[PDB]
Amino acid sequence: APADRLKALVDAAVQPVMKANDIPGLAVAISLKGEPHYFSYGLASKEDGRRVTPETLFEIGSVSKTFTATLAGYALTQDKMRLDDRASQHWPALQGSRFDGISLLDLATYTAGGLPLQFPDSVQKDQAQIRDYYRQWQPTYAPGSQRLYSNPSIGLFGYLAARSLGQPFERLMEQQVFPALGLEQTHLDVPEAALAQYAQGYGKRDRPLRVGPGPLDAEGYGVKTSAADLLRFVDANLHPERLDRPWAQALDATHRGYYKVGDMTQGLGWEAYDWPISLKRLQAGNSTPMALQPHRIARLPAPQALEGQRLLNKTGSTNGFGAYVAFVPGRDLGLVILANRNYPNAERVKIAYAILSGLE
Ligand SMILES: *C(=O)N1C[C@H](NOS(=O)(=O)O)CC[C@H]1C(N)=O
């Protein structure tokens, strides 16, 4: 039976990696030939024995940036902002700062000139502290030259896109973005009535870990969603034309590459690779040096359509969770892997590659 073969393929990819990385619970969702398939493993909470299901909520960390990118795509389609706008055009407090010479594109693609991975610990989740942080910041190098993966960078991009729409970022995601995408199990602030679905996260010595408040957390890493909802988001990405036009264009804006770093082409949120490509190369593109070190970019002469024979992906983590999303536009194939342990990106890619290969 084809169901037996598919279960065998996914189990063979997942089971050893869960055991090796001591993952308590893991949800897989696959979109194949326009049909969804779910595979759920282990426990959402070890303490109460709640099992993972396709409706369990996981923290997706940096995968949130693809949602942030979608909201910015919507602001672009509505002509409320342009990627070449100066960042300070959208926030008067930034006028006269170094943000007068940094574009929204630089912010979105981590090339603003050395904005750090995280806000310093001295910056709390407070509007005035965030404002003052950006007003005083000075680039280490020229904007548009080096990519340094950064939550304050794309966080500001999302914050400015929301300002361009005249509403708070979190309100726009809840009231407009998630409903437009048909996402009813996707949250920035999990409702009390949905808490029973929120998985526990696990760190060292199995300490419980759920993400706490931080500056621009919603924009950079704040989404909690189920494997079923994240697959719905992947399916919207595979077929933007099925949504109402403004939202179709918003999703299309996240499928455009601006530059290359090694085998990776950088879009808004999504990162793309030629497909097929070796597992080692895909792991190297999602490796620690890509997250922690600056890289000189190879700018494209024109934005490149991220479609056809390409794999678009995003890793995301929080202290207690590890997520991975990947899809092949030219093959109508999509995958979501959500876990309640922050396990190495290389291991997430290893599961995904075994599944994607087996399906091919
Ligand atoms: C996203 O989840 N984050 C940003 C950073 N690198 O992202 S990647 O490895 O998920 O692409 C470090 C991990 C994480 C964070 N802690 O903010």
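Using ideal geometry, Cβ is built from the backbone for each residue, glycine included, and neighbour counts are taken over all protein chains shown. Only the coordinates and a few stated rules stand behind these numbers; no lab work does.
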### Message
Based only on Cα atoms, what mean projected area does the convex hull of segment 176-235 have, in nm²?
### Response
5.2
### Task
Take the alpha carbon atoms of segment 2-80, find their center, do the same for segment 85-100, and report the distance between the two centers in whole angstrom.
38
### Query
Using a basic spin-label model with each label point 7 Å from the Cα along Cα→Cβ, how many nm lie between residue 132 and residue 332?
5.6
### Message
Given points 7 Å out from each Cα along the Cα-Cβ axis, report the residue 4 to residue 82 separation in nanometres with one decimal.
### Response
6.1
## Note on the structure
Kirkwood radius from Cα pairs of segment 1-104 plugged into Stokes-Einstein at 20 °C, 1.002 mPa s, gives D in µm²/s equal to 120
### Message
Between 140, 265, 70, where does the largest GNM mean-square fluctuation fall for the chain, given springs only between Cα atoms within less than 10 Å?
### Response
140
#### Entry: Computed P(r) (all Cα pairs; the chain; 10 Å bins; percent)
5, 26, 36, 25, 7, 1, 0
### Task
Assuming a ≥ b ≥ c are the square roots of the Cα gyration tensor eigenvalues, decide whether segment 166-317 counts as rounded (a/c under 1.5), prolate (otherwise, with a/b larger than b/c) or oblate.
oblate
### Summary
Highest GNM mean-square fluctuation among 179, 240, 301, for the chain with Cα springs under 10 Å, belongs to 301
### Task
Could you give the size of the charge dipole of the chain about its Cα centre, using +1 on the Cβ of each K and R and -1 on the Cβ of each D and E, expressed in debye and rounded to the nearest 20?
780
### Query
For the charge dipole of the chain, defined by +1 on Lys and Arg C-beta atoms and -1 on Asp and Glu C-beta atoms about the Cα centroid, which residue among 338, 69, 297 has the Cα displaced farthest towards the positive pole?
297
#### Entry: Sites residue 243 and residue 196, calculated FRET efficiency, Cβ-Cβ separation with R0 41 Å, nearest 0.05
0.85
### Summary
Taking the chain and counting helices only, DSSP H stretches of n ≥ 4 at -39,500 (n - 2.57) each over all residues, the nearest-500 ellipticity at 222 nm comes to -9500 deg cm²/dmol
### Task
Measure out, as a whole number of angstrom, how far apart the alpha-carbon centroids of segment 269-332 and segment 144-180 sit.
20
### Query
Against the longest alpha carbon principal axis of the chain, how many degrees, from 0 to 90 and to the nearest 10, is the axis of helix 64-77 turned?
50
### Task
Among 297, 60, 277, determine the one that fluctuates most according to a GNM of the chain built with springs between C-alpha atoms less than 10 Å apart.
277
